[PDB]
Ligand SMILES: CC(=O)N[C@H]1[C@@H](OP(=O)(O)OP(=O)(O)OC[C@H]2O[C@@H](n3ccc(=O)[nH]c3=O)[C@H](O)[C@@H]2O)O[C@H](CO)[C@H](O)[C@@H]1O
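Single chain ahead, written as structure tokens, the form deposited without the ligand.
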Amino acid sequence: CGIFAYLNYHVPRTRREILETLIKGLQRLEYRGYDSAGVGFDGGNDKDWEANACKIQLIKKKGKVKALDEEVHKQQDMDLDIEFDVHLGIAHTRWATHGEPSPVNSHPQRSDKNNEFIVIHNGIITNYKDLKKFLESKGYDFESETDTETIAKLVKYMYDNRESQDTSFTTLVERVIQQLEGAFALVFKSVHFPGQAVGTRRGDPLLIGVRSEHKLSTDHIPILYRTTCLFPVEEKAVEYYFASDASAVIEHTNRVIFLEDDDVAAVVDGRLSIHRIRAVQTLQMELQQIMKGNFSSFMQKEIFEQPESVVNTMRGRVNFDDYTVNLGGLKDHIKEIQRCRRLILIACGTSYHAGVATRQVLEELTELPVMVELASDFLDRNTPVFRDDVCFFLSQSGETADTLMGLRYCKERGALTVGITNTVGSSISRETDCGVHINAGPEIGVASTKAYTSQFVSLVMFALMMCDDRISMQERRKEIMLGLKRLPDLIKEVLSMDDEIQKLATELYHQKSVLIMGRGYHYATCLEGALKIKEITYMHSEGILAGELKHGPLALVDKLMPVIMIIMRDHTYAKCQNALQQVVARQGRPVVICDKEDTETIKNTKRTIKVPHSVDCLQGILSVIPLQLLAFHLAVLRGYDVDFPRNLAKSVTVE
């Protein structure tokens, strides 16, 4: 889900400029949830903007943001020409995991039929059922099936039983969160407090941007406990930007204030003050990073930019002149890591495949047991963990609920924890003892592509550090590092086969299933390839360990079943050729991803995808890219949007 609000204080904006700002804000956050959207702004049609802050209009519609963009416009009651010197508007895009994505269930929610209080919410309230019964007895009627409504019906209950006639908006929100259980990120708006906003969080991101041509009173807001706020000095011109992510604010300003758990920010009279019952900083992001450029989709950009993102992952860490590796995030802990006795990798989805993809080389260069676990199952079994375990947590977002819960589980047992993330300041990067930022740049496509290859490389670099004191492994280290030096250019060679991959897609897009087979270093490749094809093309693709064919799954192969096989020139080549002969004996006609020089395979197979040869423990990077491209072209042929796959969104931060 995504949160965005626009508060213009004494900055005259017309009602159109405001709505186009809310919509444009949801467009930046749409990849986090695109089942339904909605906005909340001040209604009425009075020239004097002051006589309009007593009427709250809500426009909510099912579908992507483009469905709300058109619902907002071409309306017969709203006059988009009213000038507002002061105004507050809130917006929200929802990932409807449960129930129907109906306008009633979308945000902002409301507290009554007159819209006295409206709130937008990211997260889950674990006790909303108790709150719902308590509020129903006091005379409040519920309309939607969402847990967010209990927050709106409750903030009004604290308002209908206050002690003084002028209790600050903060005091009301403070009493609410004390009754809420779970994780949440909230932004309130009310008619009683015109232009006032309140932002509190607890286990979910929520920052506050700010723009003003004038100077700010401070760059360090002092947190308070139940003059001294952030605001322009001489004049009042200020624009705030509440948001759950930075991509929605970077286009307007690069000055934000990342809140923390139970911090209740409040903008009053155009002054930001934090209450709790704190550091205006510059963002290191460029807008170009979250633009499609000349590509028609984000996913295509992020696939073709992998030559660059791989380089950025190694920048300032790998030195090819003297063959050294240094990960600054691990300098103070690498010594203690080497005294540990087991490595555990915990992650979800594609991030889990990155651990499968590097498990073998990690076992080789560290000589330690390496265990790779799906976060959800890791938690279900209450896996044993000990004080001399090193536990890695791979997460592009750094907020995945299952991976994050596994982190807190391993900390409670005294393990040394390491974070491999692509999001600075994320929960996983903050709560681990050390870690590495893969530095692949923002990923907007729902399906992770460059995050996978950058996680791959990051884990290889770690493996290189763990063995830099072994004489017997020096040549092996050099071999790997030379492969890393040549990897960006070999990726470019793979991308140049884009047209050849597209032609093969035209022969498969009509099929219902496809089996992808590989072993050894390329077990992860066929699992990741099968997940991508599932995710964006909706074909029933499955990854099958090649060594397991003879134990049952080979029965599913016939001349009609599509098959893709990975046969690279490493120590499993002969066994892979054996599996290929098994498939052919069952009349299968597979597409083979093989090496350019593999002349034997190229002659005896009609359809081959010839990738350049790299070091055996890096080849997985070059073998997965063809399957990234195949999934893209397959999705285009089937008429689906690669950036917005049905039934989900990016980053699973809730149950």
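Quick note: we count residues from 1 along the sequence shown, nothing fancier.
If you look for the form solved in complex with the ligand, you will not find it shown, but the lines that follow are about it.
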Residue within 4.5 Å of the ligand in the deposited bound form by heavy atom, from 103, 203, 329, 442, is 329
Of the residues 436, 563, 370, 207, which one places a heavy atom within 4.5 Å of the ligand in the deposited bound form? 436
Hey, of 492-500, 428-436, 195-203, 213-221, which bit sits against the ligand in the deposited bound form at 4.5 Å between non-hydrogen atoms? 428-436
So in the deposited bound form, does any heavy atom of residue 453 sit within 4.5 Å of the ligand? no
Decide whether residue 291 counts as a contact residue for the ligand in the deposited bound form under a heavy atom distance cut-off of 4.5 Å. no
Taking any heavy atom pair closer than or equal to 4.5 Å as contact, tell me whether residue 420 reaches the ligand in the deposited bound form. yes
Interface membership of residue 382, the ligand in the deposited bound form, 4.5 Å heavy atom rule: no
